[PDB]
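Next come structure tokens for two forms of one protein chain, structure 1 first, structure 2 second.
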Structure 1
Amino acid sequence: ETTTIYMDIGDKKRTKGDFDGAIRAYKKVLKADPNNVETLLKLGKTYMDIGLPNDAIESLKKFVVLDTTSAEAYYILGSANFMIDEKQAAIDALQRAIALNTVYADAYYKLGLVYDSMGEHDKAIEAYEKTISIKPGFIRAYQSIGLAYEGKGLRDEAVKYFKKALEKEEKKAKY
């Protein structure tokens, strides 16, 4: 019961943006139920929300030990690593997300962002092209390829991608 009561109190607080309060509630669940993976993930995300990525990483690591086959958890872990410039740690976690779900569009996209940040613009473009192969409406992937091409001085190819991103934006907006 403690687990249900306080998980529900925490979500309510997190939803209202009372992140310190949600943390207290989630901590209370984990007192009784240290292996609660759902709260480990919520706590991790909430730590990310208040700018404490190392604490996020700790909580997400605990999750992934207990449930090793959640692509989402590895995606989030990867994102938290990226926030503290642990770029290879981000890559590794995102590659595990992708291995678990090879059609995980968001993980491919983030992987591209991590490659871009490392100066690895050709692997970034590939990661972005994979993203669009999964979700052809993933606008930010067209935009990021566009900008990768601007970086390469392929300015007409960049404009093709910017126009394609616009086309997708317009189709979206008209529904």
Structure 2
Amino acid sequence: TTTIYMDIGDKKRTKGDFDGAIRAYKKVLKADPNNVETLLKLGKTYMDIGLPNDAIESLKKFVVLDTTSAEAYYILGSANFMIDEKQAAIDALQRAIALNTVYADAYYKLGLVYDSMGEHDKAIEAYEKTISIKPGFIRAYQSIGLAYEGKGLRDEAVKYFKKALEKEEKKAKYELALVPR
């Protein structure tokens, strides 16, 4: 029953029928409002269609019931940044990271949030952690550069902008298909 409607929702979501998927998950939640698996799926469905404000309604209920999912916190904090709730974003992303200390997406997002607030040194710390986990992630070097510009340290900024370029300098010369297809 929970099972039957959750399956309908999953299959509708896969098919791109996001209104149907939401209907099915809502039906699950009418009967079983504390179904955390459904709360996370309804949240994710709303994120898929670019409605973080609706997603957060489900993800808030999820974390009341379950404080153990790094992903839920990541999505909640990401959504909070989308809706201009930056301290709630930080709080959630911190929770995600505390739950998974190698969660590169969370550290990158946390850095984006801090830099948006003018918190350039906190941002650099989070981006540095991002690069320690995924040293091939080019935009993190760019983002570090921007944070240094934010501090008025243009020489350090240009050092990181150049680091970003250096990551693909071999490919740019020695391969043929560079530009997006």
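Numbering runs along the sequence of structure 1, starting at 1. Here the rigid core means the biggest group of C-alpha atoms that line up within 1.5 Å when the two forms are laid on top of each other.
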query	finding
Threshold 2 Å Cα movement between the two structures for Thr39, core superposed	no
Core-superposed C-alpha of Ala107 shifting 2 Å or more between the two structures	no
Rigid core superposed: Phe19 CA moves 2 Å or more between the two structures	no
C-alpha positional change at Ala127 between the two structures - rigid core reference, Å	1.4
Shift in Å of the C-alpha at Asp156 between the two structures after core superposition	8.3
Core superposition result - C-alpha of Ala141, shift between the two structures, Å	2.7
